[PDB]
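# Structural characterization, general
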Amino acid sequence: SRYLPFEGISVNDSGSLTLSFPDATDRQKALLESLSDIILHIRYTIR
Amino acid sequence: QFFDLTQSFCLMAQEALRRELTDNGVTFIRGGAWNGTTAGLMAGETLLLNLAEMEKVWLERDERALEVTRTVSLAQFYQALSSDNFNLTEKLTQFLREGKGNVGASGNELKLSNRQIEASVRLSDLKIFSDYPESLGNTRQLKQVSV
Amino acid sequence: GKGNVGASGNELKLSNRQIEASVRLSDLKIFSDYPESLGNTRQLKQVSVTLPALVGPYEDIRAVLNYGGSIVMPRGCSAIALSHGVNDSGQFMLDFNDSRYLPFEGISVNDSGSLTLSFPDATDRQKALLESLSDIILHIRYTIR
Amino acid sequence: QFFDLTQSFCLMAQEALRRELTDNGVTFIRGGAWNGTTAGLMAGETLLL
């Protein structure tokens, strides 16, 4: 019934999607070293 | 008091309709519902007519949109950048082994600000418009994002 | 990078940089699958596409299935976009009890129009995927009344 | 204004029914709901019928 996050953003927007990992020095250091890459599954609609 | 609340609801519903149709120019709550000639009466009937007009335009311009999925791998996207590119995994390992780092252009960037790592991807640099022909629709908007 | 084979309606062509495979709906002879009794009104309900290709991970098939007939159809219900090709229904979540019409619903199963599957940028970005493609499968769910 | 909107809704519902039954010949909104003899009244009752 309510909007999903990021819904309605034009796919041609000049804005940026930012992925932030806090405590990346620090508590998430091992996880980020073990990280391979980042994948975004973006579902959008055409009208 | 109730007319004020009701007109607030009508205006926010009109904003919802504008967002749904992606057409900010449509106006249905045209004001003057509370008129001095009738001591405030018929505001309800005026607002009912406006809501009916909104529903009619919504039903007449409703469309079933094409639902597309795009998978964007950040490492490939950063490597394929034309001007300012870098390698995601090696830059991440370097920025972790030494607690500083900043690479890329404004919008397409990998940085280590404070103790928090930030990877920014510009939405237009994904060229999601070119994935499908210029026909089939001009309004292409996100619906959901997963990581 | 040129090609045109088959008859108008039952065709495989490479127009511009986009491949198109058109199949006439009446040439499937779906009316003969069941006896002339059991109902005279046999209409489509839902069309899905399976593309058994060897697509790499993080790569999406980009196909468009369109209907080219003269039947009046609701807005946005004559075309679907295919992005994974494994029983792809073109919708985020398929619901046969939906309040709105599904794409290709209500088209007479003996229509003279054609379903066209178009692969854009097949010269181009989808070349390897289309060579790795084996064939194309249509799952046509229809109703008899 | 409301009678115009309501009759438009009635016509599109009738088109939905025609699509559902695959019978374009059925007609239910036959016109004359807004009659001059009654100054537009009873139009709602006609449309309800």
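- Per the deposited record, the coordinates in this entry were obtained by cryo-EM to a resolution of 3.1 Å.

## As for the interface of chain B and chain A
- Counting residues at the interface gives 48 residues for chain B, matched by 40 residues for chain A.
- Between chain B and chain A, roughly 4,700 Å² of surface is buried when both sides are summed, and carbon and sulfur atoms account for 59% of that area.
- The tally of links between chain B and chain A comes to zero salt bridges.
- Remark: the boundary between chain B and chain A carries 23 residue pairs in polar contact.
- Looking at the side of chain B that touches chain A, the elements that each hand over two or more residues are α1 (2–21), β1 (66–73), α3 (74–79), α4 (88–97), β4 (116–122) and β5 (140–146) of chain B.
- Among the elements that make up the side of chain B that touches chain A, the one with the highest residue count is β1(B) (eight residues).
- Of the residues in the side of chain B that touches chain A, the class split is 21 nonpolar, 15 polar and twelve charged.
- Here strand β1 (residues 16–21) of chain A runs beside β4(B); their pairing, made up of six bridges, is antiparallel. The residue bridging A:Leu17 from the neighbouring strand is B:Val121, located in β4(B).

## What about the side chain of B:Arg70?
- For B:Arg70, the position within the fold is in strand β1.
- Note on B:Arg70: relative accessible area 16%, which makes it buried.

## Structural notes on the sheet that holds strand β2 (residues 10–15) of chain C
Residues and elements named next belong to chain C.
- The six strands lie next to each other as β1-β2-β3-β7-β5-β6, forming an open sheet whose pairing is antiparallel. In the strand order of this sheet, the two ends are held by β1 (4–7) and β6 (79–82), each with one partner. Going across the sheet, the axis of each strand differs from the next one's by a mean of 15°, ignoring polarity.

## Details of a nonpolar patch on the surface
- A cluster of nonpolar side chains, namely B:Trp58, B:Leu59 and D:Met12, defines an oily patch on the protein surface of about 230 Å² accessible area.
- Tracing the chain through its elements places B:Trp58 in helix α2 (residues 43–60).
- You can call B:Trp58 partly exposed: its relative accessible area is 30%.

## Observations regarding the packing of α2(B) against helix α1 (residues 2–21) of chain D
- Contact geometry of α2(B) with α1(D) gives a least axis separation of 10 Å together with a crossing angle of 30°. For the element pair α2(B) / α1(D), the angle class is roughly parallel. In the packing of α2(B) onto α1(D), the handedness of the crossing is left-handed. Of the residues in α1(D), those touching α2(B) at B:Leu48, B:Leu49, B:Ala52, B:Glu53, B:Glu55, B:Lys56, B:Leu59 and B:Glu60 are D:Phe2, D:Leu5, D:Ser8, D:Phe9 and D:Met12.
- Split into classes, the residues belonging to the contact of α2(B) with α1(D) amount to eight nonpolar, one polar and four charged.

## A few points about the layout of surface pockets
- In this structure, the largest pocket spans a volume of roughly 1,500 Å³.
- Along the wall of the largest pocket there are 38 residues; nearest its centre are A:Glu7, A:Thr45, A:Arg47, B:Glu20 and B:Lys143.
- Broken down by secondary-structure element, the contributors of at least two residues to the lining of the largest pocket are β2 (39–46) of chain A together with α1 and β5 of chain B.
- Of the residues forming the lining of the largest pocket, the biggest block, five residues, is contributed by α1(B).
- Each residue belonging to the lining of the largest pocket can be placed in one class, and the counts come to ten nonpolar, nine polar and 19 charged.
- Approximately 1,000 Å³ is the volume found for the second largest pocket.

## Some thoughts on empty space enclosed by the protein
- Following the criterion strictly, the structure yields two cavities of 30 Å³ or more and no others.
- In this structure, the largest cavity occupies an estimated 40 Å³ of space.
- Forming the boundary of the largest cavity are A:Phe21, A:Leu35, A:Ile38, B:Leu88, B:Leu92, B:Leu110, B:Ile117 and B:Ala119.
- Counting residues per element, the ones that place at least two in the lining of the largest cavity are α4 and β4 of chain B.
- What the second largest cavity holds in volume is close to 40 Å³.
- Around the second largest cavity, the lining residues are C:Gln46, C:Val47, C:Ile80, C:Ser89, C:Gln91, C:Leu94, C:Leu102, C:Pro103 and C:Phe104.
- Grouping the amino acids of the lining of the second largest cavity by side-chain chemistry returns six nonpolar, three polar and no charged.

Rules behind the numbers
- Residues numbered from 1 in each chain as written, not as in the entry; some residues may be left out.
- Chains lettered and ligands numbered in written order.
- Part of a larger assembly, values for the part shown.
- Heavy atoms only, no water.
- Contact = heavy atoms within 4.5 Å.
- Buried area = accessible area lost by both parts, 1.4 Å probe.
- Salt bridge = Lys/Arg side-chain N within 4 Å of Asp/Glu carboxyl O.
- Polar contact = N/O pair within 3.5 Å; in protein donor to acceptor, adjacent residues only side chain to side chain.
- Helix = DSSP H or I, 4+ residues; strand = E, 2+ residues; numbered from the N terminus.
- Nonpolar A, V, L, I, M, F, W, Y, C, P; charged D, E, K, R; others polar.
- Pairing = 2+ DSSP bridges.
- Buried < 20%, exposed > 50% of the residue type's maximum accessible area, 1.4 Å probe, protein only.
- Axes fitted to C-alpha atoms, helices over the stretch in contact; angles between N-to-C directions.
- Patch = residues over 30% accessible without salt bridge, like charges linked within 9 Å, V, L, I, M, F, W, Y side chains within 5 Å.
- Areas by Shrake-Rupley, 256 points an atom, 1.4 Å probe, with all protein chains shown as cover.
- Parallel < 35°, antiparallel > 145°, perpendicular 65-115°, else oblique.
- Left-handed = near helix turned anticlockwise from the far one by under 90°.
- 1 Å grid on protein atoms, 1.4 Å probe; cavity = no way out; pocket = protein on both sides within 12 Å on 5 of 7 lines; lining within 4 Å.
- Points joined across faces, edges and corners; volume = space filled by probe spheres on them.

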